[PDB]
Structure formats: structure tokens, C-alpha cells
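**Q** Pasting an experimental structure with its sequence.
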Amino acid sequence: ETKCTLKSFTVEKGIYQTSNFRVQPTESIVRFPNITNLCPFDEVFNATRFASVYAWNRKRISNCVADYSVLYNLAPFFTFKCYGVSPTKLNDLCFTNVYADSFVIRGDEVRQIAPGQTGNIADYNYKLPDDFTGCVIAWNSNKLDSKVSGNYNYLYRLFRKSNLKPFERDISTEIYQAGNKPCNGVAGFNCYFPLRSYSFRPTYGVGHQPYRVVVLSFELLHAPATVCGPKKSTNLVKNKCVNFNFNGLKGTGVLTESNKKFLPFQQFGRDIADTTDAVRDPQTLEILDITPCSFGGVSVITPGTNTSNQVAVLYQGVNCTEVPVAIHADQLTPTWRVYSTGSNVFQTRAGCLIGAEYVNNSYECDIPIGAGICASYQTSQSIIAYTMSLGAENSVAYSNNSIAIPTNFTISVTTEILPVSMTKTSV
Amino acid sequence: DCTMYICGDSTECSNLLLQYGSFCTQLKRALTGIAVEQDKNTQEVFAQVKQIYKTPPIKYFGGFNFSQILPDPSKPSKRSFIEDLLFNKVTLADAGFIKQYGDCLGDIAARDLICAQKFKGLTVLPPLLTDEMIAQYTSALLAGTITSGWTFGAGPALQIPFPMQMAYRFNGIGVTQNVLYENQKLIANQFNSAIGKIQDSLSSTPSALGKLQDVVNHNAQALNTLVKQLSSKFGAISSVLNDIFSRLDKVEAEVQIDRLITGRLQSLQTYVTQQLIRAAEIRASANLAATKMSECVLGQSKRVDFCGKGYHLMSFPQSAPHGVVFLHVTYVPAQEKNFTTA
Amino acid sequence: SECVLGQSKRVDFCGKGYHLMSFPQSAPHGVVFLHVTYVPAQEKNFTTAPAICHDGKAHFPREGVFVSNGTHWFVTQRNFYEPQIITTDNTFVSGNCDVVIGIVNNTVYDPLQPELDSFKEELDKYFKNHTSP
Amino acid sequence: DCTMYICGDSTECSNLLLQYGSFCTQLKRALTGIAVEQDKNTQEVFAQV
Ligand SMILES: *[C@@H]1O[C@H](CO)[C@@H](O[C@@H]2O[C@H](CO)[C@@H](O)[C@H](O)[C@H]2NC(C)=O)[C@H](O)[C@H]1NC(C)=O
Ligand SMILES: *[C@@H]1O[C@H](CO)[C@@H](O[C@@H]2O[C@H](CO)[C@@H](O)[C@H](O)[C@H]2NC(C)=O)[C@H](O)[C@H]1NC(C)=O
Ligand SMILES: *[C@@H]1O[C@H](CO)[C@@H](O[C@@H]2O[C@H](CO)[C@@H](O)[C@H](O)[C@H]2NC(C)=O)[C@H](O)[C@H]1NC(C)=O
Ligand SMILES: *[C@@H]1O[C@H](CO)[C@@H](O[C@@H]2O[C@H](CO)[C@@H](O)[C@H](O)[C@H]2NC(C)=O)[C@H](O)[C@H]1NC(C)=O
Ligand SMILES: *[C@@H]1O[C@H](CO)[C@@H](O[C@@H]2O[C@H](CO)[C@@H](O)[C@H](O)[C@H]2NC(C)=O)[C@H](O)[C@H]1NC(C)=O
Ligand SMILES: *[C@@H]1O[C@H](CO)[C@@H](O)[C@H](O)[C@H]1NC(C)=O
Ligand SMILES: *[C@@H]1O[C@H](CO)[C@@H](O)[C@H](O)[C@H]1NC(C)=O
Ligand SMILES: *[C@@H]1O[C@H](CO)[C@@H](O)[C@H](O)[C@H]1NC(C)=O
Ligand SMILES: *[C@@H]1O[C@H](CO)[C@@H](O)[C@H](O)[C@H]1NC(C)=O
Ligand SMILES: *[C@@H]1O[C@H](CO)[C@@H](O)[C@H](O)[C@H]1NC(C)=O
Ligand SMILES: *[C@@H]1O[C@H](CO)[C@@H](O)[C@H](O)[C@H]1NC(C)=O
């Protein structure tokens, strides 16, 4: 491992930090609302009469199971235009509400349904918000809606005093006034009927046929959801690592019992780090606390590759009664658990070291470890970790009537090295 | 830890991060460099002696009271009471190697302690030198400078009594030494009153130890800003990555996660650069402290206004959390009379 | 600018211990200093007193120290052992000898006193050649 | 100033800059620190009496 992370075959004598360890999970749990009846999307998608562009029909759907598998072939969904949420993974998310707004529009101006497109059918009739989440389905209706005499039922608008804010509808129809003269009357200078009937017959041009359109809107991460996928539940696991999936929230860790008190509308718990920590299970109504399993840095203490290959492994700041939980099979992401079943283990202030042995005598420090502990390669050969020696203790007798005066001397030579100029460069 | 901080609990994010290159490897190398140099600073400052000198049991320093700064045998540690006051006054010290996993799962108040903000791969490493051995070094320096004169910085230690030692210190200023032998009791009483007033002044105000409090405050503020900055959206869809992986397909979400990863590495590198600047400043200050340690204590400095206001007489070192406190004993002329000169 | 062009009185700046001089050598992107330093060797112990009083008057040295071998008293410089008879260069009288602590008794032979005692020994014999007989 | 140089005289640019958190707060903190120690330099060098 240290040869892989140092890119060199011969490593020098010392300590080297390497890749951290991790605790692998065991299984997975999913907890969803358990509803029986399917969502009644059939009467929405197969209504005998649909709505106009200025009077689109809006239906909220709640308390059922979002099952779009049968919606693949039947209701064939010619448009894959879903951009807020990928439609392939639609069943993996849970929505607190879903709204279907349907109507019938001119087949040419389908692209005006998309947000940001101006005009008259997308400005004076209905427009999407800027941050809209959801998507629209558009398809042709020539056999059913269009008649040989003309489907003269759906009414479009072409004028308004000002552009309307999104998600707004009007019912009133009044003869327009567009000048100083109050032309209320019945007709006059720009005094026309507001909503005009369609003129659609199948013999017209291509793309001019009437289209059935329906937009689906939903918001996320607001409340405990009532309509989502058909995934079965399982049994809750306490104090064990697991891959949990609560209402699309996928995470890994352990789940304990917490004593905090929620509110009847509150579902998720946050912290300063913008990470979920406290959740409430949808089925049983206690408080669950989320915590990922522990980890830490790994250090290797080794002598030179010129010397033997006997190493020592130090774990960074972990309780040493908890590291035997790491010693199992198929339990740790680092697969080199052969040393994990090692030798006597001794605890320091920053973890516990495997592969050495304390000696109560004191030598000079050679390898840094921490908290005054130092390692060396010594006696048979092994690696010893001991207490750093500050030096040799030497008492000096104080006196108030004596004096120590040197009688001889010496002249010695000392060297000093100073960098003066690093190498110039240019790019 | 780059993998957990940038791409925590996601295998595909870790693969896409490994695809980027050698950024966090260089970051880890720079952090090992700053840690090794920071241990080296404390190593070279207090290693001016090779033997741990033992203090004598006799505490009669020629009428000079000294029990405030010598280590106290009644204390279980070898700490002087001045050092204990300095240690417990700055009650914001390191606790990164105390909170183990049991303290992490202790559930104090929904785990709102530092363990919450060290779950994101941020780790504090303990220093090599512990408190008792630093105190032993300071005690050895004080024992060498209290009885062996000032020659113990030049090889062997030669025992000199305190009276003619202070007489030589007066001789190195400009006043002849003999006067000290007529003012022994008065100078001893002045020294004891001054050394009591030092502890009184330190215990008086709470705005005197800012020079060490600001360093740990800045460190904690930098860590808090780093852990708070993760809530930034960075122009993405959500601040949590697993929602992006479970909501969008793998042919359009790579742009958003790319923007998020680049922003987080930008913030991390900004933090690293700020740490480097603070390391350079601390290194310069530590070198200045080493010069003061070598010159104002192991000898008497002829430079004016370098080891205390007025003419410098002698000095004392004391340890402190991440710092050193010097006590400069110095000479100040009192009231004066003017006459006619020639 | 400091160590090479003159002796430095700053301790532990141009070499360990007492400093004498330094020589420079060049190196690829660097300089190498060769400091020549002077270090005291093995020592000896003696018994000392802070002053000396002879005629009811104290005496002090302006450099060095009084040392005793158990029999005689000498003046000595600090950093090299050299016993010597009392020196006018390290003798001055400031008040009587009842206020200082640790003082002893001995005859004083600073060359001011050999002006009557031993520096004028030929003149002392010339003076005693008439008074004594 | 945080808003003037980057998203000055525009509401929506400030709205999108509000997502980024405490970047320019750290910028202001660093610049105020260098300003106060810059004053401290003159105070240290010129107030010896
Ligand atoms: C998941 O399905 C189960 C089984 O239907 C629901 O369990 C009901 O409520 C409590 C526990 O939540 C049980 O003691 C009852 O016996 C169950 N009653 C019925 C009629 O099944 C559970 O409520 C469902 N969870 C959700 C979130 O809908
Ligand atoms: C809601 O109704 C009000 C009428 O009370 C509309 O306000 C009118 O807007 C037009 C737009 O040019 C003005 O000419 C009128 O003077 C307004 N009326 C009044 C009384 O001030 C408003 O537009 C309607 N809301 C929407 C979204 O259309
Ligand atoms: C101080 O120490 C030196 C080093 O030992 C002494 O020099 C030695 O002197 C003896 C006497 O002639 C010689 O035999 C040795 O060869 C010398 N040593 C070296 C390395 O040259 C010196 O004599 C001592 N000074 C005093 C006054 O004792
Ligand atoms: C040296 O100073 C210390 C501190 O001032 C003295 O300890 C105090 O002594 C007085 C009376 O002797 C007591 O009332 C205090 O309670 C002592 N303080 C503590 C903290 O115990 C000490 O006596 C002095 N020693 C000498 C020889 O002067
Ligand atoms: C010396 O200082 C004194 C006071 O600072 C100056 O004042 C004179 O001396 C005393 C006051 O101590 C008075 O009795 C005199 O009347 C003061 N005035 C004069 C004109 O002597 C004094 O000027 C200073 N200089 C000298 C040479 O004495
Ligand atoms: C809805 O109508 C289509 C076409 O008319 C038909 O194929 C489908 O079966 C209908 N849905 C149901 C649930 O019958
Ligand atoms: C190992 O080190 C020794 C000296 O420490 C050296 O002589 C020897 O050549 C080294 N081994 C190799 C393979 O270089
Ligand atoms: C682990 O925690 C227990 C708590 O009872 C403690 O006794 C033990 O010393 C800890 N282990 C280490 C290596 O510190
Ligand atoms: C070191 O001390 C411990 C505790 O007293 C003891 O168990 C161990 O045997 C000692 N080892 C040696 C080599 O003395
Ligand atoms: C020297 O110190 C001892 C105690 O170490 C003391 O008994 C003695 O009186 C002192 N001598 C003088 C002259 O003060
Ligand atoms: C002089 O110093 C030496 C150094 O150890 C010591 O052994 C000796 O006892 C001292 N002599 C006296 C008289 O204290």
C-alpha cells in the first residue's frame, strides 16, 4: 500500500500516512407508505371532453400508489420532455402532492408550453413559472376530437391589457376598450369578443390538428408524501450499519433512538452542516437518529526497504475496544485484513498501535508517533514503541560560598548551511 | 480527508473524483508539511539544553523569594502556580484527541458538539510534545539559569552563587557592582513585591491573554466557516449529492456534479492557502521567540529595548498553551537631581 | 555583514558558545559558514567570598572574583583560571566592612599598598638602613 | 464591496450571488484584518514616546 501511494519501490525509514479505512454496510432497508388502491389516472387521461386553453382543468391526486409501469404502453406518452425529473427513475421519488392540468391546444404551438416562450397562447392564456418542476405530455387528437364539421368547442385568446403572472386563470369575458373613447358597446375600435372558437378539420395542413396536452406538477422535500412507488417495506434495524432509503432519501449508516420531539407537520431534521440527522419513520412514529459509521486515518511505520519488510500499523484516534469490530471477514473496505489478525495491541492517546511492544526503559526518539511515544527497529529483530527520553538527568549542587572556574579550554569549528537563492523559472 | 469531504458516501462520486487527478494528494502533502514544520518549531524552541537539570532542594536564594516560578512538589504535575494560572486562564485549548467514538455517540443535545463538524473528514492531530515534558524543559532552563550562571549555554554548567551573579549583571550595565552589596535586602523586597504584583496583574484583567486567544479563535473560525460553506448550492440543483444521483440521469447530471466538485475544491484550496500564510507568520514569530530565548536568558543583551523596557538585567521563561511567556527583570532609574557640570 | 566583518558579542548567533570569527564558502544555491568558537574545558572548584576587608575598609574587584585554596586569597578572571596577588586594577574602597555579608580578613597587596609594602622594597630597605640601627 | 464589483446595480445577480454563502464575508474579514494591522504597523513604529 505505501509503495502504491509513494510510487517508489524503495521507501525510506519513517512513518507514512496512507488511505483511510471504512466500515462496510450489511444490508438495505426501504420504508414507504403502504396504500392499496392504484392512482385514478384513467379518468383524467380518458375523459370524454377535455378543457380549453383559458379554462384548463386542474386535478390534485393524493392517497394512492404512483405506478407508471402500466402507463408505459397504455397512455403511450409520446413526449420524453421531462427535465426537472428524469422519467426513467420516476418511481424512486416520493411526492407530497401531484397536480394534473389538462387542456387541448393547437398542434403547431406545442413548444409554447415550455417555460420562457412568449407569444399569445403562452402569455395571454397560461404560462409556467420560472422554477417549474414537472413535465408535459402532448399528443395528436384527430380521430376523436376533430370533426369533419369542425371541433368548434375550445376557445383561444389573442389579447390582454397586460401580461399575466403564471398559475393564474380568468373567467370573465368583456368587450375590449383600447382607446380614449370608452367603447363598451358591442363593437368598435378594437372592441372585439375575447375568446374565439377553434376551426379544426382533418383536411387542413399537417400539424394544424388539435392536440391533447397535460402538464404534471409536483414539489419535493416538503412534507411526508402520500403518493409514490410500489416498493415493498421491510423490518427496521437498530444500531447496525444499513443502506436506508426513506422517501427517496438514500443514505448509509446506523439508526438509533433519539429523545427529541417533532411537530405534527415536521418530518426531516437538519443541522448546521445541511445534512439530515433526525428522521421519523412513516410506519412507526418514533424518532430515529442517523449516524454514519466511524473511520480514521491509517499510518504505517516502517524501516527502510534496504532493511526488512516488518511494518507497524497505527489507527488514527479510534477507541481500541471498537477496532475488534473491524476485525471480521468482508467487513472493511481495505481488504488487507491479514495484519488485522495480528499481535499484541497497545493504546496511545491518538489511537492504538498493532505490531509493537512497550519497553519501560527510555531511548532517543527516531520516529514521531504522538504524545511522547517514539518507535524504533530494535531487539531477533522487531519494532519497539517507547516513551521519548528528554535526556540525561543531572543534578547540580548550588552553593553560596563556592565557585567553578575552568582551567583549560578548546577551539572548535562548527558548520552552518543557508539557502540563498532558489532556481529561477519562466512559463 | 478529500474523499469523505468532497465525495462522501457515494461510490460513483469517488470514481469521478479519482478521474480528476492529483489535487487532494497535493493537499495532503502540503498538510503533512505544515504539520511536520509546526512540530519542528516547538522542537527547536525548547531544545536549547541537552540534559534535564534537577532543581536543588535548597530554596534559600540569598534572601530572594522564588517559590512562584519553581515547580511545586505539592501539585501532582511539575507546574508552577504562575504556569497553572496561565494554563487555566486560556480555557479554550485543544480537545481533538479527547472526543472518542463514545463521546461522538454520547448524544449530549442531538450531537451538536464538535463531533458533528468533525464527521466531515476534518481531524485535529495531537502534538508530539506533551504538557509535562514542556514544563520539564522550562524547569530545566530555569534551573540552569538560576544557579549555574549563564555559562551553561556554552557547554558545561559552572555553579555560581546568586549574589556575585547579580553583581556581574550590574557590571554589564554601567553601574559598578559594589552598590548591590549595600542594597541586598531592599532589592530582594522589591523583587518579591514585583513578582507578586505580576500575578496580581494577570489575575486582575481578562483582556491580557489575547495574543494566544486570537490564534485558536482564528483556527476555530476557519474550521467553522469551512464546515458551514458546504451548504452553498454553487449553481447546482441541490446541496446533497445523492438526491442528484437519484433524481437525474447519468447523461446530464455530470455537469451539475462537476460544478459542485470544482466549487468545493476551490474552497478547500482557499483554506489551504490561508493556512500556509498563517504558518509563515507563525514561523517568523517562532524564530523571533527563539532568538529572544537564546539571547535574553542564556546571556545579557547589550541591545536596548529588545529584552524589556529600559536596561535589561535578566529574564525568565514560562510555558503556555501554544506559546511562551517571558518575564523580563529590568532596571529603571528613579528620581534625579541636577548639578553644574564641566 | 555581522559575523565575518567583526566579532559578535551576541551569544549563540555566530556559533555555539563564545564566538571568534567565521569564514564563508560558496555552494550551489547556498552559502556555508565555518564558525570558529572557543569553549571552556574541564573545571576546578574553589571557595569564594564576595569582598575583602583589611583596615576596617571593604575592597572589591572590578572584574574577576576572589578565590581561595584554603590558605591564600587571589584575584582571578572569570573564564580562565589564573590566581594572582591582589591587584590595584581590581581594588577600590567604598565604605567600611560591617554592612556586607560574607566578608573575610586578609592583608591587602594591591600595588597601591606595595607602594609602601613591596614595590618599594629596595626603598623600604634603604629607609630601614637608618631607622633600625 | 461584495455586491458592487460583481453584481452591482442588478437585483437578480445579487439574488444568485446570495446562494454562494460567506465568500465575500471572508474577503471583508481578511481586508479589515490587513487594514487594522496596517494601522498597527505605524502605531508600533511611531509611538515609542
Ligand atoms: C405499512 O403497512 C402496515 C401493514 O398494513 C401498516 O401497519 C398498520 O399500522 C400499525 C403499524 O403502523 C400496525 O400495528 C397495524 O396492525 C397495521 N394496520 C393495518 C390495517 O394494516 C403500516 O401503517 C404501513 N405504513 C405506512 C407508512 O403506511
Ligand atoms: C386581477 O384583477 C385586477 C382588476 O381589479 C387586474 O388589474 C387590472 O390590470 C389591468 C392591466 O393593464 C389594468 O389596466 C387595470 O387598471 C387593473 N385594474 C385595476 C382596478 O387597477 C389584474 O390584472 C388581475 N390579475 C391578473 C393576474 O390579471
Ligand atoms: C589543555 O588540554 C590540552 C589537550 O589535552 C593539553 O594538550 C596536551 O598537552 C600534553 C602535555 O604536553 C601533550 O602530551 C598532549 O599531546 C597535548 N594534547 C594535544 C591534543 O595536543 C594541554 O596541555 C592542556 N593545558 C593545560 C594547562 O593543562
Ligand atoms: C516565598 O513567597 C511565598 C509566596 O508569597 C510565601 O508563601 C506564603 O507565605 C505566607 C507567610 O509566610 C503565607 O501566609 C502564605 O499562605 C504563603 N503562600 C502560599 C501560596 O502558601 C513563602 O512563605 C515565601 N518564603 C520565604 C522564605 O520568604
Ligand atoms: C536644576 O533643576 C532645578 C529644578 O528642576 C532648576 O530650578 C532651580 O533650582 C531650585 C529648584 O530645585 C530653585 O531654588 C532655583 O531657584 C531654581 N531656579 C534657578 C534659576 O536656579 C534649575 O534651574 C536647574 N539647573 C541648575 C543649574 O540648578
Ligand atoms: C384509455 O383509452 C385508450 C384509447 O382509447 C385505451 O387503449 C385504454 O385501454 C383506456 N384505458 C383504460 C384503463 O381502459
Ligand atoms: C543498505 O545500507 C548500507 C549502509 O547503511 C549500504 O552499504 C548498502 O549498500 C545498502 N543496500 C543497498 C541495496 O543499497
Ligand atoms: C474506550 O472507551 C472506554 C470507555 O469506558 C475507555 O475506558 C477506554 O480507555 C477507551 N479506549 C482507549 C484506547 O482509549
Ligand atoms: C514494564 O512495566 C509494566 C508495568 O509495571 C510491566 O508489566 C512490564 O513487565 C515492564 N516491562 C519491563 C521490560 O520491565
Ligand atoms: C548558605 O546556604 C546554607 C543552606 O544551603 C545556609 O545554611 C547558610 O547559612 C548559607 N550561608 C550564608 C553565608 O548565607
Ligand atoms: C567542589 O565541586 C565538586 C564538583 O562535584 C564537588 O564534588 C566538591 O564537593 C566541591 N567542593 C566543596 C568544598 O563543596
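**A** Okay, I see it. Numbers count the residues shown, from 1 in each chain, chains lettered A, B, ... in the order given. Ligands and ions are numbered 1, 2, ... in the order given.
**Q** Just give the nearest non-adjacent residue to residue 53, would you?
**A** You didn't say which chain, so I picked chain A. Nearest non-adjacent residue to residue A:53, counting by C-beta to C-beta, 6 or more residues apart in numbering or on different chains: residue A:125, 4.7 Å away. Where you see a C-beta, it was placed from the backbone N, CA and C, and this is true even at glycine.
**Q** try chain C instead
**A** Using C-beta to C-beta, 6+ apart, the nearest residue to residue C:53 is residue C:97, at 3.1 Å.
**Q** Name all residues that make contact with the one you found.
**A** Applying C-beta atoms under 8 Å, 6 or more residues apart in numbering or on different chains to residue C:97 gives the contacts C:51, C:53, C:56, C:57, C:58, C:103.
**Q** change it to 7 Å
**A** C:53, C:56, C:57, C:58, C:103 (C-beta atoms under 7 Å, 6 or more residues apart in numbering or on different chains).
**Q** Show me which of these is closest to residue A:408.
**A** Of all the contacts of residue C:97, the one with the least separation from residue A:408 (C-beta to C-beta) is residue C:103, at 31.0 Å.
**Q** Now the closest one. Nearest residue, chain neighbours left out?
**A** Using C-beta to C-beta, 6+ apart, the closest residue to residue C:103 is residue C:51 (4.8 Å).
**Q** And for residue B:213?
**A** Closest to residue B:213 by C-beta to C-beta, 6+ apart is residue B:90, at 6.2 Å.
**Q** Verify the stated contact: that neighbour with residue B:212.
**A** Yes: taking C-beta atoms under 7 Å as the definition, residue B:90 is a contact partner of residue B:212 at 5.8 Å.
**Q** which of the two has more neighbours?
**A** Neighbours per residue, other C-beta atoms under 10 Å in any protein chain shown: of residue B:90 and residue B:212, the larger number sits with residue B:212, 19 against 16.
**Q** The more buried one sits in which helix or strand?
**A** Residue B:212 belongs to helix B:210-228 when elements are defined using DSSP states H and E.
**Q** Show me what that helix is packed up against.
**A** When contacts are defined as 3 or more C-beta pairs under 7 Å, 6 or more residues apart in numbering or on different chains; DSSP states H and E, helix B:210-228 packs onto helix B:253-295.
**Q** Quick one: residues contacting residue A:314.
**A** Neighbours of residue A:314 in contact, by C-beta under 7 Å, 6+ apart: A:299, A:301, A:351, A:353, A:369.
**Q** Residues in a beta bridge with the residue nearest to the fourth one when sequence neighbours are not counted, which ones?
**A** Using C-beta to C-beta, 6+ apart and skipping the chain neighbours, the partner closest in space to residue A:353 is residue A:314 (4.9 Å). Going by DSSP bridges, residue A:314 is paired in beta bridges with residue A:299, residue A:353.
**Q** Can you tell me how far whatever residue of chain C ends up closest to ligand 2 is from residue A:418?
**A** The nearest approach of chain C to ligand 2 comes at residue C:29, 75.4 Å away (C-beta to the nearest ligand atom). Note on residue C:29: its distance to residue A:418, by C-beta to C-beta, to the nearest Å, is 10 Å.
**Q** end-to-end on stretch A:120-132?
**A** Distance between the boundary residues of stretch A:120-132 (C-alpha to C-alpha, to the nearest Å) amounts to 20 Å.
**Q** got the buried residues for it?
**A** By neighbour count with 16 or more other C-beta atoms under 10 Å in any protein chain shown, stretch A:120-132 contains the buried residues A:121, A:122, A:123, A:124, A:125, A:126, A:127, A:128, A:132.
**Q** so how many other residues sit close to the closest residue to the second one other than its chain neighbours?
**A** Okay, so that is residue A:122. The shortest distance from residue A:122 to any non-neighbouring residue, by C-beta to C-beta, 6+ apart, is to residue A:112 (4.0 Å). When neighbours are defined as other C-beta under 10 Å, residue A:112 has 19 of them.
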